[PDB]
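*Asks:*
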Amino acid sequence: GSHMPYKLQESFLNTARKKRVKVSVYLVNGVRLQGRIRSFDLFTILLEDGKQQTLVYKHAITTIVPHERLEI
Amino acid sequence: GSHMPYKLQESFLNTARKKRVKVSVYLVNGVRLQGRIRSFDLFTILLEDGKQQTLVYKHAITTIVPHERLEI
Amino acid sequence: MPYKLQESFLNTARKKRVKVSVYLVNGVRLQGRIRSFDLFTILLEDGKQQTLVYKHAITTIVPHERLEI
Amino acid sequence: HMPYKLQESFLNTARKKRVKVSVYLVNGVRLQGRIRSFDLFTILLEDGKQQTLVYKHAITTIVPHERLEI
Amino acid sequence: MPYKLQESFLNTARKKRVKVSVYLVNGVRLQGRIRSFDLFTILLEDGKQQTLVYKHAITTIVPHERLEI
Amino acid sequence: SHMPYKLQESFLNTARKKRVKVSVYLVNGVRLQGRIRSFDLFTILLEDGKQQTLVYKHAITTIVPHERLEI
Ligand SMILES: [Cl-]
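Residue numbers (this note's numbering), protein chains in the order written: chain A, 1 to 72; chain B, 73 to 144; chain C, 145 to 213; chain D, 214 to 283; chain E, 284 to 352; chain F, 353 to 423.
(1) Do the CB positions of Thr156/C and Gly176/C come within less than 8 Å of each other?
(2) Tell me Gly315/E's beta-bridge partners as DSSP assigns them.
(3) On a Cα-Cα basis, can you pick out the residue from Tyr357/F, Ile396/F, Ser375/F, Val379/F that is closest to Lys287/E?
(4) Taking the alpha carbon of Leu313/E as the point to measure from, which residue in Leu322/E, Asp321/E, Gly330/E has its own alpha carbon closest?
(5) Give me, in chain order, the residues of the same chain whose beta-carbon lies closer than 6 Å to that of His278/D; leave out the 5 immediate sequence neighbours on both sides.
(6) Kindly indicate which three-state DSSP category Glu399/F falls into: helix, strand or coil?
(7) Residue range of the beta strand (DSSP E) that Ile64/A falls in?
(8) In the stretch 330–344 of chain E, which residues sit with their C-beta less than 7 Å from some C-beta in chain F, listed in chain order?
(9) Kindly indicate the opening and closing residues of the alpha helix (DSSP H) around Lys369/F.
(10) Following a CB-centred definition, is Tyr6/A positioned closer than 7 Å to any heavy atom of ligand 1?
(11) Would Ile423/F and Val376/F qualify as a contact pair, given that the criterion is a beta-carbon distance under 8 Å?
(12) Indicate whether at least one CB of chain E lies closer than 8 Å to the CB of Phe363/F.
(13) Quick one: does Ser375/F have its CB under 8 Å from some CB of chain E?
(14) Verify the contact flag: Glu151/C, CB atom, against every heavy atom of ligand 1, threshold strictly below 7 Å.
(15) Given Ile341/E, which residues of its chain have a CB within under 8 Å of its CB, disregarding the five upstream and five downstream residues?
(16) Go ahead and label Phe254/D buried or exposed: buried means 16 or more other beta carbons lie within 10 angstroms of its beta carbon, across all protein chains shown.
(17) Have a look at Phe181/C and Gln124/B and give me their C-alpha separation to the nearest angstrom.
(18) Strictly by DSSP, which residues pair up with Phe181/C?
(19) Check each candidate in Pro5/A, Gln9/A, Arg38/A, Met4/A and name the one with the smallest Cα separation from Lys18/A.
(20) With DSSP as the reference, identify every bridge partner of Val169/C, one or two as the case may be.
(21) Indicate whether at least one CB of chain B lies closer than 8 Å to the CB of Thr44/A.
(22) Is the CB of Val308/E under 8 Å away from at least one CB in chain C?
(23) How long is the line joining the alpha carbons of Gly310/E and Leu85/B, rounded to whole angstroms?
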């Protein structure tokens, strides 16, 4: 079909978001963030860990590892 | 459906700007900037801390953490 | 064709279920099989664990078997 | 409609006012000088006699040594 | 002609089968011959081992013989 | 004095035509040295004696000419 350049990334993020799965978000400098994905757009992800919000730039992420299996 | 590619990033930055909330801006090299968001555009953010202005390139940011909760 | 090599490499590793090492800019080495990929990301699987990898963080991908691309 | 409004105003004001700046790089190096020119991807810094072409992709922050009226 | 130099350099090294050193942003040095390339990746071969290299991770490519570009 | 467009192109082309030695500093602290033989949108070809080096611009932090450039 047509070009869908975000099909995997969008499905992964939306599934983690909708299922409220805790994720580890690893950054290029080795820092590991932890929380749930509250929202995301083209270039950013909003992580929530308790009462703390963190806006994460995707360009700084190496990997996202869910703490439960996602049925993507 | 509809997706807006900047809605999260713009709402986060604009709410912190309008509410004058102090933020920590973490950089790829581990440096942590602190201040208030005075302005922003597609690729840069203008931080203010006391009398000092800093132009930050978004490509160097890993995360932004607000010091108060943002109602987004 | 801007993606002819990259797409052929990733798809062959995916279809043949070949283990790969994915080396990152910071020296971390991931290991697993490529389950899926799109323009900017690759889904790795290692046993039960899934990992979404951003291509911008990858330096090299090394297959554990020879790929007939 | 104005994706560069802040970046251009900041760089152009520093350039026109000949304000000394610190340009911090991703690897921690701190350049110093005045902005002589800039384009989409680069900034030309002058520190006395020496010219340096800086790639914006390597910059983390620019800190002016005097307040910029922007 | 945004790729005139890059394409000529990579194609000449590929066609002449010249060994190259590919230096990465983190200081790792890969070695091999360029088997193929596209817009964003290079396929390096060192004997039996294939490595897909993302160009965004490369700092420099140094050929081990002079290329008549 | 201001090239809000074409600064990079003018700088690189002036160093190339004048055969000025440059230091090319990389993101990881490595300093390359040579003359710019050619360049395109994303790469620069450095020459240092008999050795050619293709440099990706995305890895460069700064380029410092060893003589003043009249851009
Ligand atoms: Cl898509």
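In this text, a Cβ means the ideal position worked out from N, Cα and C, and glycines have one as well.
*Replies:* According to the structure shown:
(1) At a Cβ-Cβ threshold of 8 Å, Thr156/C and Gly176/C do not count as neighbours.
(2) Assignment of beta-bridge partners to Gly315/E by DSSP yields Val303/E.
(3) Closest by alpha carbon: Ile396/F.
(4) Comparing alpha-carbon positions, the option among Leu322/E, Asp321/E, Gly330/E lying closest to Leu313/E turns out to be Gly330/E.
(5) Around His278/D: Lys233.
(6) Three-state DSSP puts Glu399/F in a strand.
(7) Residues 61–66.
(8) Per Cβ criterion, the list reads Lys338, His339, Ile341, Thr342, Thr343, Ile344.
(9) Element bounds for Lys369/F: 359–369.
(10) Yes, the beta carbon of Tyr6/A sits closer than 7 Å to at least one heavy atom of ligand 1.
(11) The Cβ-Cβ distance between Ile423/F and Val376/F does not fall below 8 Å.
(12) At least 8 Å separates the CB of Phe363/F from every CB of chain E.
(13) Not closer than 8 Å to any Cβ of chain E, the Cβ of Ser375/F fails to qualify, so no.
(14) Flag unset: Cβ of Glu151/C not near ligand 1.
(15) Excluding sequence neighbours, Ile341/E sits near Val305, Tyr306, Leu307, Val308, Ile325.
(16) Exposed: under 16 other Cβ atoms inside 10 Å.
(17) Cα to Cα, the separation comes out at about 44 Å.
(18) Beta-bridge annotation (DSSP): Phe181/C is paired with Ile186/C.
(19) Looking at the Cα atoms, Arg38/A is the closest of the given residues.
(20) Answer is none; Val169/C lacks a bridge partner.
(21) At a cut-off of 8 Å between C-beta atoms, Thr44/A counts as an interface residue with respect to chain B.
(22) Chain C has a Cβ within less than 8 Å of the Cβ of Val308/E.
(23) Answer to the nearest angstrom: the Cα atoms are 36 Å apart.
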